[PDB]
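Single-structure report; data block below.
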Amino acid sequence: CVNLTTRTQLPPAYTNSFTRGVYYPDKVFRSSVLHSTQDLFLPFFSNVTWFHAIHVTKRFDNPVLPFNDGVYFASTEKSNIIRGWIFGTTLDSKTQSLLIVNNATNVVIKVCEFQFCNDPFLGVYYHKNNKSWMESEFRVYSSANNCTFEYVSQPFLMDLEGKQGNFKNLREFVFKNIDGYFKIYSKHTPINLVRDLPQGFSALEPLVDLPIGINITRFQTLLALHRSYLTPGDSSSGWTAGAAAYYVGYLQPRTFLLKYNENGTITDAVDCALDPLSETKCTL
Amino acid sequence: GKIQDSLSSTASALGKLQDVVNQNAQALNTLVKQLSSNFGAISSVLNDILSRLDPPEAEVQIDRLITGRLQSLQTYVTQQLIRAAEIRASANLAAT
Amino acid sequence: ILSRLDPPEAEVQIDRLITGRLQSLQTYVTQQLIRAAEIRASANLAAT
Amino acid sequence: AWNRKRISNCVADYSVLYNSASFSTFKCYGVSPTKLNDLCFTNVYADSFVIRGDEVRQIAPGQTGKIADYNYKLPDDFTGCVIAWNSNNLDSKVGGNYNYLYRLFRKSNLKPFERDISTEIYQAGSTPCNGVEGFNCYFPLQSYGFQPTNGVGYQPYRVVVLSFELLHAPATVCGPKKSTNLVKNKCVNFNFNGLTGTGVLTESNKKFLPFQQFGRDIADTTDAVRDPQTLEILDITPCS
Amino acid sequence: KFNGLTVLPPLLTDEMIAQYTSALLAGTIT
Ligand SMILES: *[C@@H]1O[C@H](CO)[C@@H](O)[C@H](O)[C@H]1NC(C)=O
Ligand SMILES: *[C@@H]1O[C@H](CO)[C@@H](O)[C@H](O)[C@H]1NC(C)=O
Ligand SMILES: *[C@@H]1O[C@H](CO)[C@@H](O)[C@H](O)[C@H]1NC(C)=O
């Protein structure tokens, strides 16, 4: 497999994410009623391990991360640099595993026994003859043997800009595995100019449900390499990836008292387990 | 004049009375919720149990529910009587 | 009882003991209320 | 390594299964076999495997057997029906059949609705085998003895386990019934995708987001429903 | 009629109770 060179090793940056990624626990709609559901949630004020995918010198890191029930991923992107995800147990192409692409068509998914390279990515180049970003090397995996599940999600569109700027947008996801079902939840937040996760309350809305038996110990993320004319011109050193940032927070079983608005949007939630105060609220 | 001001400024005057109102409301609410509890049965909703179970089996599960549900009702009626008696005393005192 | 019996067939004995014990509490809880009510009247008579 | 298939998004008739009656055992838990069609369910699963007739009793809720406690254990709250039926002719070969295997030994009991895919030889206490497989150390696999000559009593049975969970999400695993046109403002009995309640049906002001399929009040009782074919939202109240 | 539990109307209406209370008060002063 192809590699990449001159990476900087530093201790993981830490931040505190508070009251984020509360996801509608199930399908029911309720109006003006306070309900307590014992469903896995990111603990409030839980520790969050920030990550960097920004060259700003010779900095590029997207290594494997441990995965538990609470695989909450919250990337922040502008020119759409973080795209996909990898799930699985050992990524040996011998145990059934999950994998995605975030194309302008769909968040394309498969369950397949894929043989991933040591440094997978998405490649885009700026051509002088035509101003458009094309895939250069889609060698994310060698082949597939058995695929018990194949799948395409709902259509949507992506901007795919090749510029520099603050991350105007926000994307949150909660990956979860329960009772033989793989599930995902999402929200787009148009937060402005906050390095840390925004103070406030927003509720993730389930996007897709997939019935899968795959057991996955850990997961990885996909980056978009911003290949240009100034780069050396090879798969090992030719890249100017630039800025990117994503944060991962684990999920543990907790009881959330979730307030339901008249319409049904979960406007506010209090965590009973997180604080001594909080525990009183559940009993109350 | 002061009493008018005191009454408008706080719910404390009706706390002794209101506690009775709230306590009765809470008791009724619990029992109503009880309906949801399984009480050892396959499923909480009565109709659902009947729909998916053949009469002899349905017989047993129905009996279980009734025992669980009979007990729930008994607690409410027993609970209600004590409160009723307590309220009755106040009325006598109330009437007095 | 728990050590001797497994959960699967455990429930029949585990279930019942629970039903029987619940009865003890309800009788005691109900008894206390009647007793408390009597004391309250006495307290209020005594307060009077 | 039992085979499991998930069946959903389709209409199944159980009459043929119940109706055909070509199967030796059709034990049913929490569901009336005759009443199967009327009830509607989501997330149905299918279990595939073959065990001998003697161990057929073992594959049931709250029962003990080597294979039940070491290979496949049914949950206590299972609400599924398991069907068994001999296929002696298929399991009789001149050469003989021995691709069917069951585990003998395992350090700890297998969890309910889980399969152990690990391939290893069970090890007991001291003198660890590390693939030695002599005395007191045993290989994980164990074959069968299905033979034509072999007696019926221990002859192979083909066993399928049907497991389903109901009233969680809108259910497409619904049965046979031909639907009917919706009736509004009149007290009438109604069933929606295996959910049964009776009350007045009226156009509902409440606006539902795409994911939601049910509405509820303070007492956690059905308050609103969406007719699947129509896409509309309506309020249910007791008639009188 | 909410779920088989019915709250019967009071035998005396709130307005009627007020008249009795008003009457006693009226009687006391006069
Ligand atoms: C989060 O990790 C940081 C590491 O510097 C530590 O100081 C802090 O106490 C941790 N907080 C929690 C809640 O784990
Ligand atoms: C899941 O994969 C891990 C890999 O460490 C393994 O230890 C575990 O036995 C697997 N569990 C299941 C249920 O497949
Ligand atoms: C909630 O309903 C109100 C009705 O007045 C409406 O104004 C508002 O836009 C709705 N908001 C959402 C998020 O549905």
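Numbering starts fresh at 1 for the residues of each chain in the structure tokens, the chains themselves are lettered A, B, ... in the order given, and ligands are numbered from 1 as they appear.
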
Distance cut-off 8 Å, counting only C-alpha atoms - which residues of chain B neighbour chain D? Return them as a count of residues only.
11

Return as an mmCIF file with C-alpha atoms, in the first residue's frame every polymer residue, whether protein, DNA or RNA, with at least one atom no more than 9 Å from an atom of ligand 2; count only C-alpha atoms and all ligand atoms.
data_model
loop_
_atom_site.group_PDB
_atom_site.id
_atom_site.type_symbol
_atom_site.label_atom_id
_atom_site.label_comp_id
_atom_site.auth_asym_id
_atom_site.auth_seq_id
_atom_site.Cartn_x
_atom_site.Cartn_y
_atom_site.Cartn_z
ATOM 1 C CA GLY A 88 -15.061 -3.145 11.250
ATOM 2 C CA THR A 89 -13.322 -5.402 13.720
ATOM 3 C CA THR A 90 -9.799 -5.913 12.371
ATOM 4 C CA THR A 95 -14.457 -10.290 8.959
ATOM 5 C CA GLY A 213 -24.752 -8.328 12.103
ATOM 6 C CA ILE A 214 -21.256 -6.943 11.709
ATOM 7 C CA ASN A 215 -19.274 -6.542 14.922
ATOM 8 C CA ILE A 216 -16.924 -3.565 14.778
ATOM 9 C CA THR A 217 -14.204 -2.817 17.389
ATOM 10 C CA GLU D 114 -25.439 -14.804 19.530
ATOM 11 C CA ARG D 115 -23.212 -17.158 17.529
ATOM 12 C CA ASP D 116 -19.620 -18.090 18.324
ATOM 13 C CA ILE D 117 -17.655 -17.854 15.075
ATOM 14 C CA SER D 118 -14.300 -18.380 16.781
#

List every residue of chain A that has an atom at most 8 Å from any atom of ligand 3, giving for each one its closest atom pair and the distance in Å to one decimal, counting only C-alpha atoms and all ligand atoms, sorted by chain and then by ascending residue number, as a Markdown table.
| residue | atom | partner | partner_atom_place_in_ligand_line | distance |
| --- | --- | --- | --- | --- |
| A:262 | CA | ligand 3 | 1 (C) | 7.1 |
| A:263 | CA | ligand 3 | 1 (C) | 5.0 |
| A:264 | CA | ligand 3 | 14 (O) | 7.7 |
| A:265 | CA | ligand 3 | 13 (C) | 6.4 |

What would the file look like if the residues just selected were written as a PDB file, in the first residue's frame with N, CA, C and O atoms?
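The resulting part-v3.pdb:
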ATOM      1  N   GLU A 262     -44.303  21.464  21.770  1.00  0.00           N
ATOM      2  CA  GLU A 262     -45.628  21.260  21.203  1.00  0.00           C
ATOM      3  C   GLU A 262     -45.556  20.611  19.823  1.00  0.00           C
ATOM      4  O   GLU A 262     -46.249  19.632  19.563  1.00  0.00           O
ATOM      5  N   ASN A 263     -44.678  21.114  18.980  1.00  0.00           N
ATOM      6  CA  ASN A 263     -44.464  20.506  17.681  1.00  0.00           C
ATOM      7  C   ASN A 263     -43.868  19.109  17.818  1.00  0.00           C
ATOM      8  O   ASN A 263     -44.255  18.195  17.100  1.00  0.00           O
ATOM      9  N   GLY A 264     -42.937  18.966  18.756  1.00  0.00           N
ATOM     10  CA  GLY A 264     -42.297  17.700  19.056  1.00  0.00           C
ATOM     11  C   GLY A 264     -40.795  17.753  18.983  1.00  0.00           C
ATOM     12  O   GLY A 264     -40.127  16.801  19.385  1.00  0.00           O
ATOM     13  N   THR A 265     -40.246  18.851  18.474  1.00  0.00           N
ATOM     14  CA  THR A 265     -38.804  19.001  18.479  1.00  0.00           C
ATOM     15  C   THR A 265     -38.342  18.953  19.928  1.00  0.00           C
ATOM     16  O   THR A 265     -38.985  19.540  20.797  1.00  0.00           O
TER      17      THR A 265
END

Name each residue within 12 Å of ligand 1, counting only C-alpha atoms and all ligand atoms, as a PyMOL selection string.
chain A and resi 11-18+43-50+249-250+274

Please provide as a VMD selection string all residues within 10 Å of residue 205 in chain D, with the sequence filter that same-chain residues fewer than 3 positions apart are discarded (counting only C-alpha atoms).
chain D and resid 202 208 233 to 235

Could I get the residues of chain D with an atom no further than 8 Å from an atom of chain A, each paired with its nearest atom pair and that distance in Å to one decimal, using only C-alpha atoms, sorted by chain and residue number, as CSV?
residue,atom,partner,partner_atom,distance
D:6,CA,A:211,CA,8.0
D:168,CA,A:27,CA,7.9
D:169,CA,A:27,CA,6.7
D:206,CA,A:263,CA,7.4
D:207,CA,A:263,CA,7.0
D:208,CA,A:29,CA,7.6
D:211,CA,A:27,CA,6.4
D:212,CA,A:27,CA,4.9
D:213,CA,A:27,CA,6.6
D:214,CA,A:28,CA,5.4
D:215,CA,A:29,CA,4.8
D:216,CA,A:30,CA,5.3
D:217,CA,A:30,CA,6.6
D:218,CA,A:33,CA,6.0

Would you mind exporting N, CA and C atoms of the selected residues as a compact mmCIF listing (two decimals), in the first residue's frame?
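Written output follows (selection.txt):
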# COMPACT_ATOMS: atom_id res chain seq x y z
N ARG D 6 -32.99 -12.11 7.77
CA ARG D 6 -33.90 -11.11 8.23
C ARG D 6 -34.93 -10.84 7.16
N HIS D 168 -43.01 -1.50 17.64
CA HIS D 168 -41.83 -0.65 17.84
C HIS D 168 -41.75 0.45 16.78
N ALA D 169 -42.03 0.07 15.53
CA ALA D 169 -41.94 0.91 14.35
C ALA D 169 -43.12 0.60 13.41
N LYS D 206 -52.03 18.34 14.19
CA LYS D 206 -50.66 18.05 14.57
C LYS D 206 -49.85 17.66 13.35
N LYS D 207 -48.67 18.25 13.24
CA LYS D 207 -47.81 18.04 12.09
C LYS D 207 -46.71 17.08 12.48
N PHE D 208 -46.57 16.03 11.69
CA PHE D 208 -45.61 14.98 11.97
C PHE D 208 -44.39 15.07 11.08
N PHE D 211 -39.81 10.90 10.08
CA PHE D 211 -39.50 9.66 10.79
C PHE D 211 -40.64 9.09 11.65
N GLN D 212 -41.37 9.95 12.33
CA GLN D 212 -42.43 9.53 13.26
C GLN D 212 -43.64 8.84 12.62
N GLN D 213 -44.14 7.80 13.29
CA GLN D 213 -45.32 7.07 12.84
C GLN D 213 -46.46 6.98 13.83
N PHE D 214 -46.26 7.48 15.05
CA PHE D 214 -47.28 7.42 16.10
C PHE D 214 -47.23 8.69 16.91
N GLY D 215 -48.33 9.00 17.57
CA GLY D 215 -48.41 10.13 18.48
C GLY D 215 -48.93 9.64 19.81
N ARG D 216 -48.51 10.28 20.89
CA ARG D 216 -49.03 9.93 22.22
C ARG D 216 -49.29 11.11 23.14
N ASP D 217 -50.19 10.87 24.09
CA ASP D 217 -50.58 11.86 25.09
C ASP D 217 -49.72 11.70 26.36
N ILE D 218 -50.13 12.39 27.42
CA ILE D 218 -49.44 12.38 28.71
C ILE D 218 -49.45 11.01 29.38

Output the contact residues of chain E with respect to chain B at a cut-off of 12 Å, based on only C-alpha atoms, as a list in words.
residues 2, 3, 4, 5, 6, 7 and 21 of chain E

Proximity check chain C to range 55-72 of chain B, 12 Å, nearest pairs one decimal Å, only C-alpha atoms, as CSV:
residue,atom,partner,partner_atom,distance
C:19,CA,B:68,CA,9.9
C:22,CA,B:71,CA,10.8
C:23,CA,B:71,CA,9.9
C:26,CA,B:71,CA,10.2

Could you save the residues just selected, with C-alpha atoms, as a compact mmCIF listing (two decimals), in the first residue's frame?
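As a result, part30.txt now contains:
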# COMPACT_ATOMS: atom_id res chain seq x y z
CA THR C 19 -45.57 -11.44 44.78
CA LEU C 22 -45.17 -7.35 47.93
CA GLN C 23 -48.21 -8.42 49.88
CA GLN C 26 -48.84 -3.45 51.12

Residues near residue 63 in chain A, cut-off 9 Å, only C-alpha atoms, skip fewer than 6 positions along chain, as a short mmCIF file (atom, residue, chain, number, x, y, z; two decimals) with N, CA, C and O atoms, in the first residue's frame:
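After the write, out_20.cif holds the following:
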data_model
loop_
_atom_site.label_atom_id
_atom_site.label_comp_id
_atom_site.auth_asym_id
_atom_site.auth_seq_id
_atom_site.Cartn_x
_atom_site.Cartn_y
_atom_site.Cartn_z
N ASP A 119 -3.18 3.56 4.16
CA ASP A 119 -3.46 4.99 4.13
C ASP A 119 -4.52 5.27 3.05
O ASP A 119 -4.20 5.77 1.97
N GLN A 220 -12.45 4.45 11.43
CA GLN A 220 -11.52 5.41 10.84
C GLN A 220 -12.27 6.44 9.99
O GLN A 220 -13.42 6.23 9.63
N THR A 221 -11.60 7.54 9.65
CA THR A 221 -12.19 8.61 8.84
C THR A 221 -11.47 8.77 7.49
O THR A 221 -10.31 8.40 7.36
#

Please identify all residues of chain D having at least one atom at most 12 Å from any atom of chain C, considering only C-alpha atoms, and return them as a ChimeraX atom specification.
/D:60-64,69,73-78,112

Written selection (N, CA, C and O atoms) as a PDB file, in the first residue's frame:
ATOM      1  N   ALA D  60     -35.545 -24.486  23.200  1.00  0.00           N
ATOM      2  CA  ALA D  60     -36.780 -23.838  23.636  1.00  0.00           C
ATOM      3  C   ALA D  60     -36.427 -22.854  24.747  1.00  0.00           C
ATOM      4  O   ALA D  60     -35.358 -22.953  25.324  1.00  0.00           O
ATOM      5  N   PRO D  61     -37.318 -21.898  25.043  1.00  0.00           N
ATOM      6  CA  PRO D  61     -37.024 -20.937  26.080  1.00  0.00           C
ATOM      7  C   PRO D  61     -36.903 -21.622  27.447  1.00  0.00           C
ATOM      8  O   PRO D  61     -37.639 -22.571  27.729  1.00  0.00           O
ATOM      9  N   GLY D  62     -35.949 -21.168  28.255  1.00  0.00           N
ATOM     10  CA  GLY D  62     -35.696 -21.714  29.584  1.00  0.00           C
ATOM     11  C   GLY D  62     -35.482 -23.215  29.695  1.00  0.00           C
ATOM     12  O   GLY D  62     -36.046 -23.868  30.571  1.00  0.00           O
ATOM     13  N   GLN D  63     -34.675 -23.764  28.798  1.00  0.00           N
ATOM     14  CA  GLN D  63     -34.351 -25.180  28.816  1.00  0.00           C
ATOM     15  C   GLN D  63     -32.861 -25.391  28.793  1.00  0.00           C
ATOM     16  O   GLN D  63     -32.121 -24.514  28.360  1.00  0.00           O
ATOM     17  N   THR D  64     -32.416 -26.563  29.228  1.00  0.00           N
ATOM     18  CA  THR D  64     -30.978 -26.864  29.279  1.00  0.00           C
ATOM     19  C   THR D  64     -30.583 -28.038  28.379  1.00  0.00           C
ATOM     20  O   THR D  64     -31.161 -29.121  28.459  1.00  0.00           O
ATOM     21  N   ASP D  69     -27.058 -24.595  25.718  1.00  0.00           N
ATOM     22  CA  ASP D  69     -26.232 -23.788  26.620  1.00  0.00           C
ATOM     23  C   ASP D  69     -24.826 -23.521  26.084  1.00  0.00           C
ATOM     24  O   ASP D  69     -24.056 -22.802  26.709  1.00  0.00           O
ATOM     25  N   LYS D  73     -28.677 -20.246  22.378  1.00  0.00           N
ATOM     26  CA  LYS D  73     -29.620 -20.145  23.484  1.00  0.00           C
ATOM     27  C   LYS D  73     -30.713 -19.109  23.233  1.00  0.00           C
ATOM     28  O   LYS D  73     -30.425 -17.929  23.030  1.00  0.00           O
ATOM     29  N   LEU D  74     -31.952 -19.573  23.340  1.00  0.00           N
ATOM     30  CA  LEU D  74     -33.114 -18.735  23.143  1.00  0.00           C
ATOM     31  C   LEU D  74     -33.282 -17.847  24.367  1.00  0.00           C
ATOM     32  O   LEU D  74     -33.068 -18.296  25.488  1.00  0.00           O
ATOM     33  N   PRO D  75     -33.660 -16.573  24.161  1.00  0.00           N
ATOM     34  CA  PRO D  75     -33.939 -15.621  25.234  1.00  0.00           C
ATOM     35  C   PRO D  75     -35.196 -16.003  26.006  1.00  0.00           C
ATOM     36  O   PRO D  75     -36.077 -16.657  25.443  1.00  0.00           O
ATOM     37  N   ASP D  76     -35.254 -15.614  27.273  1.00  0.00           N
ATOM     38  CA  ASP D  76     -36.416 -15.882  28.127  1.00  0.00           C
ATOM     39  C   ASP D  76     -37.704 -15.220  27.621  1.00  0.00           C
ATOM     40  O   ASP D  76     -38.787 -15.787  27.742  1.00  0.00           O
ATOM     41  N   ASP D  77     -37.568 -14.029  27.044  1.00  0.00           N
ATOM     42  CA  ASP D  77     -38.714 -13.242  26.580  1.00  0.00           C
ATOM     43  C   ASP D  77     -39.055 -13.504  25.107  1.00  0.00           C
ATOM     44  O   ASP D  77     -39.781 -12.724  24.486  1.00  0.00           O
ATOM     45  N   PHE D  78     -38.508 -14.576  24.542  1.00  0.00           N
ATOM     46  CA  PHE D  78     -38.726 -14.887  23.137  1.00  0.00           C
ATOM     47  C   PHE D  78     -40.212 -14.991  22.807  1.00  0.00           C
ATOM     48  O   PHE D  78     -40.994 -15.570  23.554  1.00  0.00           O
ATOM     49  N   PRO D 112     -27.529 -15.434  24.648  1.00  0.00           N
ATOM     50  CA  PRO D 112     -28.748 -15.589  23.865  1.00  0.00           C
ATOM     51  C   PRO D 112     -28.671 -14.771  22.577  1.00  0.00           C
ATOM     52  O   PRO D 112     -28.062 -13.697  22.565  1.00  0.00           O
TER      53      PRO D 112
END
